[PDB]
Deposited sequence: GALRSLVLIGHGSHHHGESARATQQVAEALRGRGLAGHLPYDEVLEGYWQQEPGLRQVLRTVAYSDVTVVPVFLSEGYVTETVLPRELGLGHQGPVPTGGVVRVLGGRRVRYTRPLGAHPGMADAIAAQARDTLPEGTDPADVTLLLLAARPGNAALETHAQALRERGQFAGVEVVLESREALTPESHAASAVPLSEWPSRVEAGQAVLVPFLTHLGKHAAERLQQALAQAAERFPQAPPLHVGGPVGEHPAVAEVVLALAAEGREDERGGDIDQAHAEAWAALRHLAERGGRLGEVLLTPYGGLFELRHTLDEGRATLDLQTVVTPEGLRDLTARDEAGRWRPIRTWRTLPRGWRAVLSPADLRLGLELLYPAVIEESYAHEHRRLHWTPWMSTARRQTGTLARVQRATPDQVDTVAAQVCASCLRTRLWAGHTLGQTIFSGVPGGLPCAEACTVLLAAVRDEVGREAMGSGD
């Protein structure tokens, strides 16, 4: 009853899975330590800007009254200083204090940290990535370290670069930058490597395919210009290296003000007790069938009821269930997990201990929002409140007519299991009073907002 939640925030995407992969990797590694007894947290949850579990939903999902939120982002700017605290409801803008933003929201102590890329331990993670990218014999002393920035003035990266120069285990360290579409152009890298070899580490959480193409073109330009250039070993993005989890832990601690921890959140616990009572009877939630299976719980798609075990792909972890359900049957990403697009073909066998994380990853926010609606205490947010928060390209949703929003919502939300309470639709029973398809929507989602944007820009 000194209990604490860690939340990790990633960018996410409507379309590309890689963009959640760094957050999901680190989350699972830290839970792993929790299983082993070396985690100063009692749970590790995820939230995303551009998919579910969303920024607006993530504090509804935390089990405990003491929460630490760490941004798994490598730059300090718009997204981290404006977008994430605004969507989180932290009422803060601009530079984050070292040590973080401390708030009281819900019945909850929340502390929002500086981003991952700001922590000095990122210099260690870079160096480790670089050494792991080399071939079995090679003295780093003979290797020049190239650090690939995503944008021009990443002040943190320059700092890490100078730390690694001083520590002196590389022949040299250069910051490289791809051109358009002062740091050294990647297309020129051999002009800076007079002897030995080079190694490239992207200072990136991940590498999407357009980005990867920009990069290999840059390198092909280099090689055309310098046809006998040093051997170059190209690493993966530092955001996927195992060391980032240790950096996340250091960031999470620095700035902590109170050492007491928190307590369990009662509303949340009540929701999950109801969920357990249902799982024990057997029951259905969305497109998922839950079946007690001795001392375990099986989950499968309701369409796959009665289907032979060996005609299914079985998993036995919450994470493997998440992964199997991340894309639809065409292989396309599912950013809104309540969409009526859950793929067939899978089975999950879960321990009683793992059931909650399993459902929370499969259907984020649904157990808690449903239970709250069942008991008429789900408060929802009108379109106007949502539209008025948006900045960037999304601010334009503010000039959508109520006809435009209804028309777009009719089309978008038809794909979804939820009922759009924020648009005046009503929901009388939920998953907790017998109805598998009875799920509340409390607020216009990121896929709806983008569609309204597009409609508004069509003129």
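Absent C-alpha positions map to the deposited sequence ranges 182-190, 469-474, in order along the chain.
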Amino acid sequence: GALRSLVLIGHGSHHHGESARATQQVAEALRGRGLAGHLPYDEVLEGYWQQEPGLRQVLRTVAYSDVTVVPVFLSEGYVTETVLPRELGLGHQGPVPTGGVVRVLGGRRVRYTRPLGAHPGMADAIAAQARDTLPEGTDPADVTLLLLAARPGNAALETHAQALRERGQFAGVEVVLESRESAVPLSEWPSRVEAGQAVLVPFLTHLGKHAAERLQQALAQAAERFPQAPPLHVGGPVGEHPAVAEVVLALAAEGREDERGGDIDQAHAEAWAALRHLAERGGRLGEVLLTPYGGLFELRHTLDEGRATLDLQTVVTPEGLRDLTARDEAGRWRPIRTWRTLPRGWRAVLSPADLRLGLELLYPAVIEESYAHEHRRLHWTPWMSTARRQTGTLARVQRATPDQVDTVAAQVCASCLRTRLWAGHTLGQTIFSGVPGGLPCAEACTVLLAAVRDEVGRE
From here on, numbers count along this sequence of modelled residues.
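Once the C-alpha B-factors are averaged per stretch, 413-421 and 399-407 rank with 399-407 first. Relative to its counterpart among 139-147 and 370-378, 139-147 has the higher mean temperature factor, C-alpha atoms as listed in the PDB entry. Looking at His301, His233, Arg337, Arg86, the one whose CA carries the top B-factor in the deposited record is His233.
You'll see in the entry that, of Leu449, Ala20, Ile9, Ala442, the Cα B factor peaks at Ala20. Among the modelled residues of its chain, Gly168 has a C-alpha B-factor that falls in the highest third, as given in the PDB entry.
For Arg347, the recorded CA temperature factor ranks within the lowest third of the chain's modelled residues. Looking at the C-alpha B-factors along this chain, the one for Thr68 belongs to the lowest third.
For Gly117, the recorded CA temperature factor ranks within the lowest third of the chain's modelled residues. When the modelled residues of the chain are ordered by C-alpha B-factor, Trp383 sits in the highest third.
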